[PDB]
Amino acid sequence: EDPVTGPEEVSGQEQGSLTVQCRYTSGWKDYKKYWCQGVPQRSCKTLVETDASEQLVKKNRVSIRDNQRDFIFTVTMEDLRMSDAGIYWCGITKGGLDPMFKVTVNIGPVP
């Protein structure tokens, strides 16, 4: 089974926000969750990472919060710019190889 599942594709508009939900299998409750940007995959930049609780982490234009009742972590990116498009990953931090799931972001420009 896949430890982490999100949307393969998500869309946002410049100046708006977008929200990505990554579900994870229940056993990964007590592991830190993260949202990572760019390529190559194992060298992506971690934008935000939880502390393995339900507490919100917000850094720069990005927030993440883990719902450990329903096993879904929610990422929001606000005040979107065209440079926010591209490849991202929902991830779980563990010793050794992290579970990761690729999300591709499309951004449309202001008229």
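Sequential numbering from 1, following the sequence displayed.
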Checklist entry - Got a sec? Mean C-alpha B-factor, which is higher, 53 to 61 or 81 to 89? => result 53 to 61
Checklist outcome for this item: Among the modelled residues of its chain, the C-alpha B-factor of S26 falls in the third labelled middle
Checklist outcome for this item: The third of the chain into which the C-alpha temperature factor of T104 falls is the lowest
Checklist entry - Which third, lowest, middle or highest, does the CA B-factor of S43 fall in along this chain? => result highest
